[PDB]
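Here's the structure, in structure tokens; my notes come after.
Number of protein chains: 4
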Amino acid sequence: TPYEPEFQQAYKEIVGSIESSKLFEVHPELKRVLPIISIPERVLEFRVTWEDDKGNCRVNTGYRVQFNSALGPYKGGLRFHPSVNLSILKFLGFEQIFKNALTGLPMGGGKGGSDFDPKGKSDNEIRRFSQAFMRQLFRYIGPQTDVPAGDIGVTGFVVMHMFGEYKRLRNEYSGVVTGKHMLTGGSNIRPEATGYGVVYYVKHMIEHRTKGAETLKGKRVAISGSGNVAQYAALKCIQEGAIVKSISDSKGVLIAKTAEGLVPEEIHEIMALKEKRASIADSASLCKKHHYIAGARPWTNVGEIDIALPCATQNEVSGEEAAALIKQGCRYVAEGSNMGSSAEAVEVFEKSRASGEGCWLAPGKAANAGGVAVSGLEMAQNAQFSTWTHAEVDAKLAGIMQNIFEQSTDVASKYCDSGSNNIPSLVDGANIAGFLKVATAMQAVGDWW
Amino acid sequence: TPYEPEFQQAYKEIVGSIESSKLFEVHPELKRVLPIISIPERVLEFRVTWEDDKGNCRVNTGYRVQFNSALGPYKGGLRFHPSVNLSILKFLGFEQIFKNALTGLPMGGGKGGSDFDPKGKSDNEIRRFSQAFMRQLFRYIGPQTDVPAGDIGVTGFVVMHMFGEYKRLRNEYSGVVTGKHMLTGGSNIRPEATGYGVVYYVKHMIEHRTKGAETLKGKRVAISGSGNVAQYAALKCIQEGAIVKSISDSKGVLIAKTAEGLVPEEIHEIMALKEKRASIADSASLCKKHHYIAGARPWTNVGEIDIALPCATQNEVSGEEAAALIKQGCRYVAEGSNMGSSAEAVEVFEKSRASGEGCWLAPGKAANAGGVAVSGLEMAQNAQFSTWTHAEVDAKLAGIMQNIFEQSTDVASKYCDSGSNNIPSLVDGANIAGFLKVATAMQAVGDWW
Amino acid sequence: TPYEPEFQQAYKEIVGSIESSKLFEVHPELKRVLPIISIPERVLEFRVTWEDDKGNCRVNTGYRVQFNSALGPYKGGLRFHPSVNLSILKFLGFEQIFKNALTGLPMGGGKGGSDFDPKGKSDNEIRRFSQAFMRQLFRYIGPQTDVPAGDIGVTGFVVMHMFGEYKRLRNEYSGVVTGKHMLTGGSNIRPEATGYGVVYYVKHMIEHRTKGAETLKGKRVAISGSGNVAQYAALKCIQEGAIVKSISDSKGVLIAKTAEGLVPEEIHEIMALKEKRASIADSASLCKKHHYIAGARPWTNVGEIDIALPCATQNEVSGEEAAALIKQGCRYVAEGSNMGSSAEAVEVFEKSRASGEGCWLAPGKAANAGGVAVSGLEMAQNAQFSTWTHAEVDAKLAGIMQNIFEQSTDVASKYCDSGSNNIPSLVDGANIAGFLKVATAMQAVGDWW
Amino acid sequence: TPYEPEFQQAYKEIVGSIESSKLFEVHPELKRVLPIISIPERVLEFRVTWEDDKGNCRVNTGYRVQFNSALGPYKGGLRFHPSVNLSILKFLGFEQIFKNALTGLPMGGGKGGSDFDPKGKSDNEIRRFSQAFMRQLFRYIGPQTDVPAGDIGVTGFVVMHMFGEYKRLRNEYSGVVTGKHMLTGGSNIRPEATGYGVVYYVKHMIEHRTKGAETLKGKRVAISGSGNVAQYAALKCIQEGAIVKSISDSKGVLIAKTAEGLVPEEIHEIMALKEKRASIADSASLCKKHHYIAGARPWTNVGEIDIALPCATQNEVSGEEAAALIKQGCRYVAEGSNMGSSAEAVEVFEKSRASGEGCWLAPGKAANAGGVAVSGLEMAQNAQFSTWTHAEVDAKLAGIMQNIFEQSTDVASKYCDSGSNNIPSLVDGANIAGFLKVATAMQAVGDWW
Ligand SMILES: NC(=O)c1ccc[n+]([C@@H]2O[C@H](COP(=O)([O-])OP(=O)(O)OC[C@H]3O[C@@H](n4cnc5c(N)ncnc54)[C@H](OP(=O)(O)O)[C@@H]3O)[C@@H](O)[C@H]2O)c1
Ligand SMILES: NC(=O)c1ccc[n+]([C@@H]2O[C@H](COP(=O)([O-])OP(=O)(O)OC[C@H]3O[C@@H](n4cnc5c(N)ncnc54)[C@H](OP(=O)(O)O)[C@@H]3O)[C@@H](O)[C@H]2O)c1
Ligand SMILES: NC(=O)c1ccc[n+]([C@@H]2O[C@H](COP(=O)([O-])OP(=O)(O)OC[C@H]3O[C@@H](n4cnc5c(N)ncnc54)[C@H](OP(=O)(O)O)[C@@H]3O)[C@@H](O)[C@H]2O)c1
Ligand SMILES: NC(=O)c1ccc[n+]([C@@H]2O[C@H](COP(=O)([O-])OP(=O)(O)OC[C@H]3O[C@@H](n4cnc5c(N)ncnc54)[C@H](OP(=O)(O)O)[C@@H]3O)[C@@H](O)[C@H]2O)c1
Ligand SMILES: N=C(CCC(=O)O)C(=O)O
Ligand SMILES: N=C(CCC(=O)O)C(=O)O
Ligand SMILES: N=C(CCC(=O)O)C(=O)O
Ligand SMILES: N=C(CCC(=O)O)C(=O)O
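Taken in order, these protein sequences are the chains called C, X, V and R. Oh and the first sequence: position 82 is 84 in PDB author numbering, straight run, nothing missing. Oh and the second sequence: position 235 is 237 in PDB author numbering, straight run, nothing missing. Oh and the third sequence: position 275 is 277 in PDB author numbering, straight run, nothing missing. Oh and the fourth sequence: position 444 is 446 in PDB author numbering, straight run, nothing missing.
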């Protein structure tokens, strides 16, 4: 039995929500599910051998965790980052079970990736790695078996290289991956889906907490990250009349120097930088206009703030940063990143919600579900031999995020207690709602009794 | 060439309708189809070895008759009953060809099952048997090959155990079976579909026979059986304002002691008894309130009656019972059960229709088609990556049953003669309509020339 | 549960040997095997549609009984005869389990065929039927799964058409069938193997019964049948210095009119007749030279006789014929045909052995095993990428038949009682030896416990 | 990157032999192999769900490490022990690469198993677990892909249950596993092979070290373990005229109380105890006759000794025990167990060899190779459709062990230095010989360049 801190972190939060609720008082038989659900159905690791631009034989480790398939084929992204290991991918894959359950679409949970580092690699090297990766993975996936997509380090470029290699090796053209190109079975809204869905979720939070007194307009938002989720979270914020006060990467943070915050052209500039695996610091002009802080996160540096959207990586909000956010005025936190808040930050936010200023955390498995939701929609369009409009997909996305919110608050009211401020735990509601659905389907298919 | 009485019975009725009609005068080439269509495309038998709760090695025989696939993949239920043998399953599978053709959905015909007896078995034993059965069957079925579901003795519990075992063994999540759980690709209305569709069919019969003078409201209905088909036939009858005067099982019959008949809470009580494989006699309270007759069928015991719905098993209405029904006032018979009426009962009812009181039999292959129709709809929802509403499925079901009625009366008028009472044979119309469609598709795919 | 007389006959003889022996006194747990072993692992039936020389759409039923695979892949011949049905093929497939066990080669037991009648068909029609048959069967067989060969009505012509169709459909060249052509993975001695092995077995019988006082030289032999087994039994008899007094077909019997009996040129003439599906009666010259009896079997017509070799079909020796054989001097009977002796004939011969003149029956599952033995050798040569010499295969065949004899007498002495004449039952010894081996392997692989 | 101590231990010893030798001076390009070879080609983990005798849903983790396939299909045993995890199975699978290379047979290296604990389980539970395990593994193995067999906790009973389940699920009868039953493609000598091969290896050690002055006769041997390897090592020792002074299990050690040591009937008694998963302590009579020490290993308790055969598990000889062995007279150590000697014990023995009393360690990857060698021979017999005699297999085994010895000493002389006592390192020679072969084949197939 090995040391898997991130997996254990994610497991402890979920199980804590469940065990602290009335669920096992009402349904004591469900206790039997926990030892079973927490062992993946299957894990694959494989050597990935590839050739660099200098002709050297290179090697990296690849993985696919197929955690749960009670509700559908395994579904979840691929992460290319030098930190990747089994522990991280188990955290993500376990989260993904419950997140996918919340969407209402027929998707099991999985996650995979490699310790391959895209930084410093050419597009040629990345194509070659992608192809080599898929030459290991193809036999273990399929449109009704396991449907990947892109997570950290895995762009449309990578996903599409993988689609191409699968279609060649299996000699079929199907919905094996999502995040595809629009000419090859892609969905409108898929690039935008995660970040748009985070912001949709926040609109439901503001409505509920203010009992309809306020909207997202004029809210000051601190975003971290500068990739797929952060970009479109920032762009949706701006569309909705909110103020984007920060954006960040692994090297530092850009703090807007105007009360109007960052504007769309600036997000597009950063998008172009990240397409070339460059850093925010590499725009001399953005840095001179705004306030660039090498080595820092946004949270303690953004001044007065209303919303925080962690959109980079796990454990990117410390307990100290959570408390600083609240002192700076923050009352809504929604995780674009998977497990963005550290365990200590979760506790700070949950105590605020219960007893303090009422700062309200939406967990990633609810708030960030828009991406995998629109992936499900991509699967549906592929099966239907159809391509829906932007408006059609966005409306479905909005309806899904609303349903996740409603499931979360309904389940929290049924099994939990909100505390002094009467603000239900989105953390507890998402965990319990997702677990109950999966456990029920598991029982039907024979996974436990 | 072996003795297969039930198969021969079912074959003789179908062929009699066809040969007594003008069909082969108009299309003499169709005579060539009969020797071909009546040999199944394929039959599988397999040993099913399993372990009882005492640890003993047990064995039963399993089967899948894949009768015809001109119109689609094989489709039809699985029956667990100690009577099961090849003859019975051929009867059912041959019927199923024509029934499935009538639905208008792309479904071939098949049937399977085992002589395994669920009575006296634990849920644990039933899970184990289900899994063992599917470990024999899986290689011969698939979402575009052969899609089973539940018949006598095969509940959602069994179907879902089988789905789980298939998905594990084939490592894919697809519409391999219908009658699935709502969290795992099930359809709304599927449990209700057969019994609801029987009653829908009867409404068309009353409208036609009374030329719009009467409705189902207030009609006194004798139901046999107490399982999936009988339960929802009884509940639909009550919803429609009819009076349910009986319900039965293999041990006896409950006759209502009030003119109001049985009420929904009583049907639900019986439903709960049957979930535990108990008998009607095991409710002391139901028996004390009503009139329980050990060892009897409803037909001669229900007093005055308007409709008879055989919803248990084949050959459950004798010729003597048919005549007694008519003396008791019965003018509509609709088979929920497959081949519920004995050959002698069919003749009594067809002569009544032609020349007597006008008592009108709807054959199972028309009246009971709602179940496999909604199975087809479940296949469509699975393929579409969609879950339709209850209202949406029920409306489709109603439209299918109406279309089966119209096909039946249209074809009877075209090729047959109704006799003195001008009431077209639903028996003959269903048989000829179904046969013509299948024969036409067979010719296209090369099965005959 | 259907009427399967031939299966029941074969089962009753085997089980009688076992239950009348000490086996279940020594190993009482083996009683549990009988209900399991007697249900085939799998049965396939399929429609076989084909086109005659006049262009008509024709249909026949095909079958493959896969009875037992504890010792190896299913193995056994295909029979084309209008009598064929499931009962007959179950008899043969059940026999084949035990026969294959006796050979010592890794072969399970199965049998298949069709009610297709080769008589009156052209070679063109037979090619077409063969191909159609294999287009149904191919997915259920394979070199390590189920390896057919030719039984009644299935010649090398048929087997090779089937090989060709399999290799095309599966795009591989392997030992899927035995009885192949020498240019396509055939074995030397395979055509001769059954009839040669029968005569080898008889040599062991004469040695044992006469305690080395006599040989096969000069023995007068009555053979029935005129196909693959009879031909080479007759030719081996002649090589060994015995006298062939008869040969027969479905239309009548040729009795030799000389004490020298039939000569090889006459057997070759009949071979050529049977290649064209003609009858013995169609040689005017053979009939004029010898004594042809329309409608008769040899047994009561051959005059004085020492050995009887039933080599046509099941139940071709009545109890009355058995008694007549003994009155005519017969002291050895060896079944070339499967279950050649009727149940009443078996009893006559077993009582003779025990208490009378000492007439000694060798059951087909021992005496006729040479064919499937050399099939196993063909499988070994295919796997090895090798073709052994005639001498090499014949020596292996001889060694196998000797080992079957030794196993039979050793097991009979261990578990049975020979009676007054001290001649062990070859019937009982073969049945018990074969059953013990299969039961032991079944237990190891989990088929029973 | 996780903590994998056993894997790291095994890797460090191998790489130390290689890096301390002249190999990379002669062939510097081989340095590139180490980062590649040490990442498995593939790892599978899977949940194994099963039912205990009380009907409870149980779960365990299963694994198959497919480490290297340059020389053949993956090959190596399955271990059922509550300690099992990925680290242990990687140690074993990495060892297995090199061991399999040394045999000269075309076998890659792998290992798998489960944390399932057979102790306290019924044979029924073990059958059920075995079957469930194989229902997870079957798709990832095959006769030309990955061929398992039995390691700690995996008996013929388990292996054969697994064969049965594979043959059912894949519908083929092939050499998917080795260690099979003799009626189902087993090899003679396979049960005996590991322990016999250890003792064969020791005979070569004595010949070499004493320059032909001494033999194994009369040598006093301390054996640990009491399972498959220990039993047949003890029985071979006795056949060869050596004295068995100990045998042990996880609960304690039996020290012989006579100078004649243990006799074959005593080993057979222990064999029967271990078939029932009982302990040595459970024989009151053995314990009363001899000297039983609860909680102890043999090494410091056996008195004067010449040979030590660790035959239980990894790290079962401490550095202190190694030094005590030498003080007690031990001059030969041969590992029946994989990595039986701790790292500290290896160093004690290698310094003795180099500079001290000349105590000589043979590593498991050489000494214990007889088991997988005879597995390879079982694969060859299966492919050939043949069963070789005991004598034939034992002669091949003896020839393999001699060849492993010769390869080891030849390679040690070529690339290493023996030290003062002129006794070549069997440790270094096995590691380098095995690595060079695998690296060469890897290069040919494109695994590195
Ligand atoms: N994409 C989806 O559909 C989706 C859906 C749900 C949730 N998520 C989650 O959203 C987060 C971001 O994913 P993405 O798709 O936007 O990936 P992305 O496009 O690769 O962007 C990741 C961003 O996070 C930063 N980052 C990554 N790892 C970091 C680390 N260890 N320390 C600090 N900064 C780090 C990167 O910095 P650099 O630019 O300096 O490299 C970059 O700005 C992840 O937690 C992911 O699991 C993604
Ligand atoms: N389910 C479908 O979708 C479907 C569709 C079309 C037609 N059908 C037909 O409808 C009938 C009932 O099926 P079901 O799904 O309702 O099965 P079910 O749930 O198993 O119920 C069967 C009922 O019939 C009784 N029964 C069964 N075999 C009997 C026999 N030999 N003698 C007397 N009573 C017997 C049972 O009595 P106990 O409760 O005492 O056991 C029970 O009340 C069958 O003819 C079936 O083929 C079913
Ligand atoms: N071939 C093998 O390797 C093999 C091995 C072991 C045992 N057997 C058994 O040996 C017997 C003969 O097989 P075979 O391969 O020699 O077949 P074959 O070449 O087709 O010859 C069959 C012979 O038996 C006659 N016959 C068949 N069915 C008959 C019936 N119902 N009534 C009377 N005569 C009948 C045929 O008469 P016509 O010539 O008039 O048609 C013909 O002479 C069978 O019992 C078979 O199962 C065969
Ligand atoms: N079998 C093969 O072909 C083969 C080939 C090469 C090498 N090996 C190696 O040989 C060794 C023994 O394998 P085997 O096949 O003989 O297994 P086995 O039949 O299961 O016997 C294992 C023996 O070792 C003892 N044991 C196991 N784990 C132990 C632990 N953690 N602490 C102390 N004692 C322990 C057991 O004690 P209990 O009886 O108390 O349970 C038993 O006496 C292993 O290292 C294995 O990898 C086996
Ligand atoms: N990266 C994902 C989802 C990938 C997908 O759309 O399957 C996530 O939910 O974190
Ligand atoms: N039990 C069935 C139908 C099963 C199905 O829905 O395929 C029937 O039509 O009798
Ligand atoms: N016809 C056979 C054997 C066919 C074969 O060689 O597999 C028989 O044993 O009856
Ligand atoms: N248990 C094994 C070998 C298993 C096998 O024979 O494949 C070993 O070498 O440790």
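Quick reminder that beta carbons are idealized off the backbone N, C-alpha and C, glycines included.
- Restricting attention to alpha helix (DSSP H) runs no shorter than 4 residues, the segment 200 to 243 of chain R encloses them at 230 to 241, ordered along the chain.
- Residue-level contact by beta carbon holds for V:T147 and chain R, with a gap shorter than 8 Å.
- Taking V:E271 as the centre and dropping the five residues before and after it, the same chain places the C-beta of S285 and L288 closer than 7 Å to its C-beta, in chain order.
- DSSP places X:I99 outside any beta strand (DSSP E); the residue lies instead in the alpha helix (DSSP H), whose first and last residues are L88 to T105.
- As the crow flies, the alpha-carbon of C:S19 is around 8 Å from that of C:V429.
- With fewer than 16 other Cβ atoms inside 10 Å of its own Cβ, C:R170 counts as exposed.
- Within the model, the alpha-carbon separation for R:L311 versus V:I434 is close to 45 Å.
- At least one C-beta of chain V is nearer than 8 Å to the C-beta of R:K169.
- Given a length threshold of 4 residues, each whole run of the alpha helix (DSSP H) inside the segment 34 to 58 of chain R is given here in chain order: 36 to 39.
- The C-alpha of R:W52 lies about 54 Å from the C-alpha of V:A356.
- When rounded, the separation of the alpha-carbon atoms in C:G114 and C:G79 is 6 Å.
- Closest in C-alpha terms to R:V35, from the list C:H29, C:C59, C:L25 and C:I41, comes C:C59.
- In the same chain as R:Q316, and ignoring 5 residues on each side of it, the C-beta atoms closer than 8 Å to its own belong to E8, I90, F93, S339, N340, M341 and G342, in chain order.
- Only those residues of the segment 73 to 87 of chain X whose C-beta falls short of 8 Å from the nearest C-beta of chain R would be listed, and there are none.
- Beta bridge pairing from DSSP links X:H293 with X:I257.
- Assigned with DSSP and collapsed to three states, V:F82 falls in strand.
- Assigned with DSSP and collapsed to three states, X:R299 falls in coil, not helix or strand.
- Comparing alpha-carbon positions, the option among X:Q11, X:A298, X:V231 and X:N303 lying closest to X:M273 turns out to be X:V231.
- With a threshold of 16 other beta carbon atoms within 10 Å, X:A397 falls short and is exposed.
- In the DSSP annotation of this structure, the continuous segment of the beta strand (DSSP E) that includes V:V246 starts and ends at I245 to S250.
- From the listed residues X:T186, X:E346, X:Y5 and X:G305, the smallest Cα separation to X:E318 is found for X:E346.
- X:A224 sits buried, since 16 or more C-beta atoms from the chains shown fall within 10 Å of its C-beta.
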